[PDB]
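To convert, take the position in the sequence shown, counting from 1, and add 9; that gives this note's numbering. We treat Cβ as the ideally placed atom computed from N, Cα and C, and that holds for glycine.
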Amino acid sequence: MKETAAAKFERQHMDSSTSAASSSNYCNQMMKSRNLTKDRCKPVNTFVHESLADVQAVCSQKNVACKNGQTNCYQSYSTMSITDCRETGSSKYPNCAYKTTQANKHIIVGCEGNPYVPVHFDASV
Ligand SMILES: O=c1ccn([C@@H]2O[C@H](CO)[C@@H](OP(=O)(O)O)[C@H]2O)c(=O)[nH]1
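What follows is the structure, encoded as structure tokens:
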């Protein structure tokens with residue numbers, strides 16, 4: 010099989026199946042099930058609770074600078090339901106542990122391809 014950059018973005022950052030984090034253990038479960046903690050704990054990761062179509066649409070919205078200075082980033086006009094997963098103080102690989110926090114923010118993504126879709130999650134603002 011093959012995984013594209015766009016598909017990896019979906020695996021790492023999309024969860025359209027819920028309107029918001031579904032439990033206090035959501036991040037522990039998702040960071041594991043989406044294979045985001047294989048070799049080390051990832052300190053922060055955001056999941057977006059919106060339709061794929063609505064997130065892909067961001068690539069036709071507000072062009073902004075990525076934090077690294079690249080100019081292929083785009084900010085959403087809409088405010089989106091997101092979950093931020095962040096390591097707790099006691100998290101220690103291979104037993105990675107996360108606090109699940111709900112938010113409603115704009116997202117900033119990097120985009121590529123035809124169709125022109127997200128390949129990178131840059132920030133929420
Ligand atoms: O609000 C944020 C900021 C960063 N990241 C993620 O944290 C990592 C380092 O910045 C990135 O993961 P990556 O290298 O696989 O693309 C980025 O997507 C988030 O998930 N949410």
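Cα-Cα separation between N37 and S85, rounded to whole angstroms:
Start at 1 with the first residue of the sequence shown, and residue 37 comes out as number 28. Start at 1 with the first residue of the sequence shown, and residue 85 comes out as number 76. Distance between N37 and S85, taken at the CA atoms: about 27 angstroms.
Between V118, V53, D48, which lies nearest to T92 when the distance is taken from Cα to Cα?
Sequence index remark: in the sequence shown, residue 92 carries index 83 (1-based). Ranking the options by Cα distance to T92, first place goes to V53.
Bridge partners for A112 per DSSP, in chain order?
Working through the sequence shown from its first residue, we reach residue 112 at position 103. According to the DSSP secondary-structure assignment, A112 is paired through a beta bridge with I91.
Quick one, what's near ligand 1 if you take every residue whose CB is closer than 7 angstroms to any heavy atom, in chain order?
Screening all residues for a C-beta within a distance smaller than 7 angstroms of any heavy atom in ligand 1 leaves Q21, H22, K51, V53, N54, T55, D93, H129, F130, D131, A132, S133, in chain order.
Considering only the beta carbon of each residue, do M40 and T46 sit closer than 7 angstroms?
Numbered from its first residue, the sequence shown carries residue 40 at position 31. Numbered from its first residue, the sequence shown carries residue 46 at position 37. In contact: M40 and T46 (Cβ atoms closer than 7 angstroms).
Proximity test, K17 beta-carbon vs ligand 3 heavy atom, cut-off 6 angstroms:
Ligands in the displayed structure: ligand 1; ligand 3 is not one of them.
Would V57 and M10 be called neighbours here (beta carbons separated by less than 7 angstroms)?
Locating residue 57 in the sequence shown gives position 48, where the first residue counts as 1. Locating residue 10 in the sequence shown gives position 1, where the first residue counts as 1. Taking C-beta atoms as the reference points, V57 and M10 fail to come closer than 7 angstroms.
Tell me the rounded alpha-carbon separation between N113 and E59.
Counted from its first residue, the sequence shown places residue 113 at position 104. Counted from its first residue, the sequence shown places residue 59 at position 50. Spanning the two alpha carbons is a distance of roughly 11 angstroms.
Is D131 buried or exposed, if buried means 16 or more other CB atoms sit within 10 Å of its CB?
As a position in the sequence shown, residue 131 is number 122, starting the count at 1. Per the 10 Å Cβ criterion, buried.
Given a cut-off of 7 angstroms, decide if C50 and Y83 are closer than it, judged by their beta-carbon atoms.
The count along the sequence shown starts at 1 and reaches residue 83 at position 74. The count along the sequence shown starts at 1 and reaches residue 50 at position 41. Cβ atoms of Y83 and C50: not closer than 7 angstroms.
Are the CB atoms of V128 and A16 nearer to each other than 7 angstroms?
Mapped onto the sequence shown, residue 128 falls at position 119. Mapped onto the sequence shown, residue 16 falls at position 7. Cβ distance not < 7 angstroms, so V128 and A16 don't count as in contact.
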